[PDB]
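Please treat every number below as a calculation from the coordinates, not as lab data. Don't worry about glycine lacking a Cβ; one is built from the backbone with ideal geometry, like all the others, and counts go over all protein chains shown.
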Amino acid sequence: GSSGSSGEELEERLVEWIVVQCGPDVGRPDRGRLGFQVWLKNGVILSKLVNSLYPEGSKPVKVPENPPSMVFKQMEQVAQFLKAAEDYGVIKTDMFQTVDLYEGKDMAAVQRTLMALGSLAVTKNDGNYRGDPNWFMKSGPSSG
């Protein structure tokens, strides 16, 4: 199901976003091997993203001080964001499986998800995106 290469353009941007969102703290994906999938594996960064958007009087997910390690935890950490993502407006056709990400079972999906989030934010944009709306937008459906 499609080639799951470690690069592409979208990815680049995706990160470029998670960079402005999270900030120069989470860092970036290390070269070689997955790097990216692993970057968005723990979930902490993911949970931080969604949060970055959500207001202060909301905070859907709960990001602890130190990042976990255990599977159940890591796996859940993501779920917290995944479910949170949907809330934003994301559909169930753009959402992937914790594994698809955790075990990079499917990277093409990992994108479909974010692709929605960002875009969703790009559509709204009211003080959440710490980048540019002309990042994800390119050619597709408008509102719905």
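When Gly127 is evaluated against the numbered criteria (1) more than 21 Å from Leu10 (Cα to Cα); (2) crowded, with 16+ Cβ neighbours inside 10 Å, which criterion, by number, is the only one it fails?
Answer for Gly127: the failing condition is (2).
Among the helices (runs of 4 or more DSSP H) confined wholly to segment 2-106, which include 1 or more residues that are farther than 19 Å from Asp132 by Cα and touching a residue at least 60 places away in the same chain (Cβ under 8 Å)?
Result: 36-39, 98-102.
Which ones in segment 107-137 are in contact with a helix residue (DSSP H, G or I) (Cβ under 9 Å, 6 or more places away or on another chain) and assigned to a loop (DSSP other than H, G, I, E, B)?
Those that are in contact with a helix residue (DSSP H, G or I) (Cβ under 9 Å, 6 or more places away or on another chain) and assigned to a loop (DSSP other than H, G, I, E, B): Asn128, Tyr129, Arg130, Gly131, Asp132, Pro133, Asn134, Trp135, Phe136, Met137.
Consider segment 21-56. How many of its residues are surrounded by 12 or more Cβ atoms within 10 Å (Cβ to Cβ), under 23 Å from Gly4 (Cα atoms) and among the charged types (D, E, K, R)?
The total comes to 2.
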